[PDB]
Amino acid sequence: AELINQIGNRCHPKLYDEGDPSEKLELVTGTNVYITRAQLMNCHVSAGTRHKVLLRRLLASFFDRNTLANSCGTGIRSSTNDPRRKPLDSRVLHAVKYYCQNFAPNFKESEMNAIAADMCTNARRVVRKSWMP
DNA sequence: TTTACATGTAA
DNA sequence: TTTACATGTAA
C-alpha cells in the first residue's frame, strides 16, 4: 500500500477502522490495557489536538473520582500527605502515557506526571469529606 | 459546582 | 532540582 511509508496519524491504528464501538482495543501493544473503540474515540474528539486534555480524558476513562482521590498520582515518590495513598495503576499509567507521548512527541514525562497528580488533587477537592466526628 | 491550567510549597 | 500536593483562577 501507498500508505506504509507515511508517519500516519499518531493514534490507535484500529481506531478509525469502521467496526463495533464496543470492541475492546489494546491501547498499547503488549500492555494488557484495554478500552472500547467508542470510549477512545470519545477521548480523541474531546481533546482534538490538545494532548493535555487527551491525557486527562484517558485517565478518567480508567480511574473514577474515588480511585483518583485515594491515589498519589504516578507515585514516583510516595505521598507527602497520606502514606496510605497508592500510586495509580502503574501498568495503566505507563500505557496511557506511552500512548500520549506517542500522540504528541513534545509532551514530556514531567508534564504528564504533573497532570496525573492534578487529577488526584482535583478529585480530593471535590470528594465530600465525612460528616462524622 | 466542577475542572483545565496556573501558582507556589515541602522535603 | 524534583514531585505530590493544596489552592487560586476562569469559564
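Residues numbered from 1 in each chain as written, not as in the entry; some residues may be left out. Chains lettered and ligands numbered in written order. Heavy atoms only, no water.

In terms of determination method and resolution, the entry is listed under X-ray crystallography at 2.31 Å.

Draft legend 1. View of the overall build of chain A. If you tally the helices and strands in chain A, you get five helices and two strands. Along chain A, helices (α) and strands (β) appear in the sequence β-β-α-α-α-α-α when read from the amino end. Taking the principal axes of the C-alpha coordinates as reference, chain A spans close to 65 × 30 × 25 Å. Relative to its full complement of 133 residues, chain A shows a buried share of 35%. Working note: accessible area of chain A is about 8,900 Å², and carbon and sulfur atoms make up 51% of it. Of note, chain A has its 20 positive side-chain charges centred 12 Å away from the centre of its 12 negative side-chain charges. (Helix = DSSP H or I, 4+ residues; strand = E, 2+ residues; numbered from the N terminus. Buried < 20%, exposed > 50% of the residue type's maximum accessible area, 1.4 Å probe, protein only. Areas by Shrake-Rupley, 256 points an atom, 1.4 Å probe, with all protein chains shown as cover. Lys, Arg positive; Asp, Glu negative; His and termini not counted. Charge placed at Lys NZ, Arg CZ, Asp CG, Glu CD.)

Draft legend 2. Expanded view of the protein's contact with DNA strand B. Near DNA strand B, the surroundings consist of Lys 52, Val 53, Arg 56, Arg 57, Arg 65, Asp 118, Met 119, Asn 122, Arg 125, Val 126 and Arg 128. Within 4 Å of the protein, atoms of DNA strand B come from sugar and phosphate in 65% of cases. A distance of 2.9 Å is found between a phosphate oxygen of DNA strand B and a side-chain nitrogen or oxygen belonging to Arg 56. The separation between a base nitrogen of DNA strand B and a polar side-chain atom of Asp 118 is 3.1 Å. At five residues, the largest contribution of residues to the surface near DNA strand B is made by helix α5 (residues 109-126). Partitioned by chemical class, the residues of the surface near DNA strand B number three nonpolar, one polar and seven charged. (Near = heavy atom within 4 Å. Polar contact = N/O pair within 3.5 Å; in protein donor to acceptor, adjacent residues only side chain to side chain. Nonpolar A, V, L, I, M, F, W, Y, C, P; charged D, E, K, R; others polar.)

Draft legend 3. Expanded view of the environment of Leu 25. Inspection of the secondary structure assignment puts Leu 25 in strand β1 (residues 24-26). Taking the C-alpha atoms as reference points, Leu 25 and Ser 90, 65 residues apart in sequence, are found 19 Å from one another. Not counting residues up to four positions away in its chain, the partners in contact with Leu 25 are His 12, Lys 14, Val 33, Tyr 34, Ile 35, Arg 37 and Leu 40. (Contact = heavy atoms within 4.5 Å.)

Draft legend 4. Just the protein's contact with DNA strand C, in detail. Around DNA strand C, the surrounding shell holds 15 residues, and the nearest of these are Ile 76, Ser 79, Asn 81, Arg 124 and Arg 125. At 2.9 Å, a side-chain N or O of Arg 77 approaches a base oxygen of DNA strand C. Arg 125 places a polar side-chain atom, nitrogen or oxygen, 2.8 Å from a base oxygen of DNA strand C. For the surface near DNA strand C, the per-class residue count stands at two nonpolar, eight polar and five charged.

Draft legend 5. The nonpolar core, seen in detail. Judged by nonpolar contacts, the single largest core of 34 residues is most densely connected at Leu 27, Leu 58 and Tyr 99. For this core, the secondary-structure elements that each account for two or more residues are α1 (37-47), α2 (51-62), α3 (65-69), α4 (90-103) and α5. Ranked by residues supplied to this core, first place goes to α4 with seven residues. Residue contacts for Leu 27: discarding those within four places in its chain leaves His 12, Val 33, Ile 35, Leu 40, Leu 58, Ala 95, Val 96 and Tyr 99. (Core = buried A, V, L, I, M, F, W, Y, C linked by side-chain atoms within 4.5 Å.)

Draft legend 6. The arrangement of the packing of α4 against α5 in detail. At a closest axis distance of 11 Å, the pairing of α4 and α5 adopts a crossing angle of 130°. In terms of orientation, α4 lies oblique with respect to α5. Crossing handedness for the pair α4 and α5: right-handed. Facing α4, whose interface residues are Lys 97, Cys 100 and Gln 101, α5 presents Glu 109, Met 112 and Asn 113. Each residue belonging to the contact of α4 with α5 can be placed in one class, and the counts come to two nonpolar, two polar and two charged. (Axes fitted to C-alpha atoms, helices over the stretch in contact; angles between N-to-C directions. Parallel < 35°, antiparallel > 145°, perpendicular 65-115°, else oblique. Left-handed = near helix turned anticlockwise from the far one by under 90°.)

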